[PDB]
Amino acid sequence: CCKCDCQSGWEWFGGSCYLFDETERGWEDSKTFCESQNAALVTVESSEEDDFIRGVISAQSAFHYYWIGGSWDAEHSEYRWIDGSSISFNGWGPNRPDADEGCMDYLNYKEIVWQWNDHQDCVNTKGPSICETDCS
């Protein structure tokens, strides 16, 4: 994405346009909603991206969790970004993931100060989400 190519309500950072959508949906419906916007749930490849995200969500206090584009990959037996790519940057909160077959969210609760957590209800736990496009 060019710095001025993000559509209305979206924010540019590091070649991507982001949407912090506050409609509450389970993880699957959040995945689907990012697809409807010709995007995908966000994938966080760097400390720089993580800090950009934290800067937005630590600015608000309504929500304690946001869905992102990471989930259990049975095939590989590990959490992967939803594009299939490996989780290289370590943005997990202390002692996470604590179980398999989850989906990932940023979580602001106890020891997890807006880091990644794994949740094992990927359908019925409703929260806001963060969409990402690289405009390709």
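So that there is no doubt, residue numbering starts at 1 and follows the sequence shown.
Per the PDB record, of the two stretches 88-96 and 61-69, 88-96 carries the greater mean B-factor over its C-alpha atoms.
The PDB entry reports B-factors from which the mean C-alpha value can be compared for 20-28 and 110-118; the larger average falls on 110-118.
Of the residues listed, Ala40, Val56, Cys103, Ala74, the entry assigns the biggest Cα temperature factor to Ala74. Among all modelled residues in this chain, the alpha-carbon of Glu132 has a temperature factor (C-alpha) in the lowest third.
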